[PDB]
Amino acid sequence: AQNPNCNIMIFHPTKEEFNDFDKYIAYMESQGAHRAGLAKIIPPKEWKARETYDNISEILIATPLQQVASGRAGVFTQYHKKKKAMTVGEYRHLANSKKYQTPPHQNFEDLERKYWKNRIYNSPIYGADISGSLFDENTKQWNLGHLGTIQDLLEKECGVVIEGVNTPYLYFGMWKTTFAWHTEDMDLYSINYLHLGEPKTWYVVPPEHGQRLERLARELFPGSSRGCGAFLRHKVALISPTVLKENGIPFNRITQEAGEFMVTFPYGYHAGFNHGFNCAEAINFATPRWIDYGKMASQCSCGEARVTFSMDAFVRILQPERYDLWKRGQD
Ligand SMILES: O=C(O)CNC(=O)C(=O)O
Ligand SMILES: [Mg+2]
Ligand code: NI
Ligand SMILES: [Zn+2]
């Protein structure tokens, strides 16, 4: 078995290997990358996502989210308070302001220490989940707006034609902006490209050990657990590396820098934080190996998780028994 310790692997494809996206994902899995839940892909040196980032300031963040924390430094939840619209140029200035800017630090480990010590005492503002793309249309390799769609994969694998679309989303982050512990909708893959700015630190639990994280989470968030049998679908709970180590949960960590891709694998729980002003782009995708994970994915039916139009069909076809209850949650 490849990668039996489930370490995060880092890949350096050549320009020739960067042509065929599906093939390269399948290569990475042949080397055991999926066992970690997360992989890093450094593009060939010849590749670029677009020519420059000099003209992005007029993108609108229609609903910036202030991420307010409750709990203790290592075990907290966050809720998202909606703020007034602002442009990317306005947001970048805000991120760089004395109130929100990254503090002085020695290296990534020192910054990680400072994040875990102090996150809860601040409420950073995140521009998340903004439909759109920063890939140039002429970028033919690993262009996250040109991937094969999950609806087309389900159709290719299973023969059933379904409605729905699959488009990318932009994330504009600042120091301390936080992504809570989660897997993807329907335990899909995700791919994330850090277009610009400061790094993003990731934490990930190997898919084979995801239920260990879920059991810890039910212990640490006991009212949430009673409210919903899949409350991590709410994407609000944080658990620090120190707490994970205290409770014996297997995980790994890695920092993504500008110009790098990360891939999350089906049922790989992940969480993380931004180091400073940045912009990422991410999309879900599927492969043939995902289908079995989609069929088994947990679902939130309490009403909190509220998701895209396109998840309907996935539940309806892969999880017909759950469909009725899940749809009641959505309506
Ligand atoms: O970058 C972020 O805030 C969160 N991204 C992801 O969870 C992802 O790409 O799967
Ligand atoms: Mg612009
Ligand atoms: Ni994710
Ligand atoms: Zn729920």
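Note that ligands are numbered from 1 as they come in the structure, with each ligand's atoms numbered from 1 the same way. Residue indices begin at 1 and follow the sequence shown. Computed over heavy atoms, backbone and side chain alike; hydrogens, waters and symmetry mates excluded.
Within the 4.0 Å heavy-atom criterion, the part of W202 lying near ligand 1 is the side chain and not the backbone. Only the side chain of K200 comes within 4.0 Å of ligand 1, judged by heavy-atom distances.
In terms of protein heavy atoms, atom 6 (C) of ligand 1 is closest to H270 NE2, 3.9 Å.
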Show, in sequence, the C-alpha distance, side-chain angles and deciding distance for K156 and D152, and conclude whether the salt bridge (charged side-chain N to carboxylate O under 4.0 Å, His left out) test is met. CA-CA 6 Å; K156 286 185 301 190; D152 284 342; over 6 Å; no
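For the residue pair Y126/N274, the side-chain donor-acceptor check at 3.5 Å is satisfied. For the residue pair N96 / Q101, no side-chain donor-acceptor distance below 3.5 Å is found, with atom types taken as modelled.
By the 3.5 Å distance cut-off applied to N or O atoms, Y171 is not counted among the residues near ligand 1. At least one N or O atom of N192, backbone or side chain, sits closer than 3.5 Å to an N or O atom of ligand 1.
Atom CE of residue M28 and atom CD of residue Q31 lie 10.5 Å apart, to the nearest 0.5 angstrom. Atom CG of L94 sits about 5.5 Å away from atom OH of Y100, to the nearest 0.5 Å.
For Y269 and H182, the gap between ring centers reaches or exceeds 6.0 Å. Note: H93 and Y91 fail the aromatic proximity criterion, with ring centroids not under 6.0 Å apart.
Closest heavy-atom approach to atom 3 (O) of ligand 1 among the candidates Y169, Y126, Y193: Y126. With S190, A271, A280, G268 as candidates, the residue nearest to atom 8 (C) of ligand 1 on a non-hydrogen basis is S190.
Proximity to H182 (heavy-atom distance under 4.0 Å) selects the following atoms of ligand 1: 7 (O). Numbered from 1 in the order shown, with element, the atoms of ligand 1 that lie under 4.0 Å from a heavy atom of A282 read 9 (O).
Both tests do not hold together for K15 against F18: distance to the six-membered ring centre under 6.0 Å, angle to the ring axis within 45°.
The NE2 atom of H270, the Ni ion (ligand 3) and the NE2 atom of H182 define an angle of 80° (nearest 10 degrees).
Within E184, OE2 is the N, O or S atom that lies nearest to the Ni ion (ligand 3).
Ligand 1 has no atom lying under 4.0 Å from any heavy atom of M262.
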